[PDB]
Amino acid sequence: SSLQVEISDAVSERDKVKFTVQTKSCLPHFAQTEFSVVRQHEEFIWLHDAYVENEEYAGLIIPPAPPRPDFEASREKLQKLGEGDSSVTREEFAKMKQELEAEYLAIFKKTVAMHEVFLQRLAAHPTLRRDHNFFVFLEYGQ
């Protein structure tokens, strides 16, 4: 009956954000008791919209969908950091690198938390935790 879900790590790519979703569970439906999948932001939204649209869940409250993380400004700094070379000293590069990492770290902390909380709210809900789409979201693509 147990279901525990969390996000262990994430990667921001040029155009995409991926979250690694970890599940520990004793529920017999799953192939394994501990497993992982990778999920882009989009798929959290698909799962949320599918809950909201499903008439079987009338009378239930669906946890709010996580916002789309915004790395746009940071990606352009990251691209420039690779390119700039031109007369940038090693000391300047190291400092630019250090501040950009801090910039990404904060964005990551917040978006991972909001994505994770969404899933944990689903896993705690006595009805929503049994949704078929949720099982697909947690397990598909081993």
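Residue positions are given as counts along the sequence shown, with the first one as 1.
Higher mean CA B-factor, judged across 109-117 and 22-30 from the recorded values: 22-30.
Once the C-alpha B-factors are averaged per stretch, 7-15 and 128-136 rank with 7-15 first. Taking the PDB entry at face value, the top CA B factor among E101, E55, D49, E91 belongs to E91. If you compare the C-alpha temperature factors of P66, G82, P63, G59 in the entry, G82 comes out highest.
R75: CA B factor lies in the highest third for its chain, per the PDB record.
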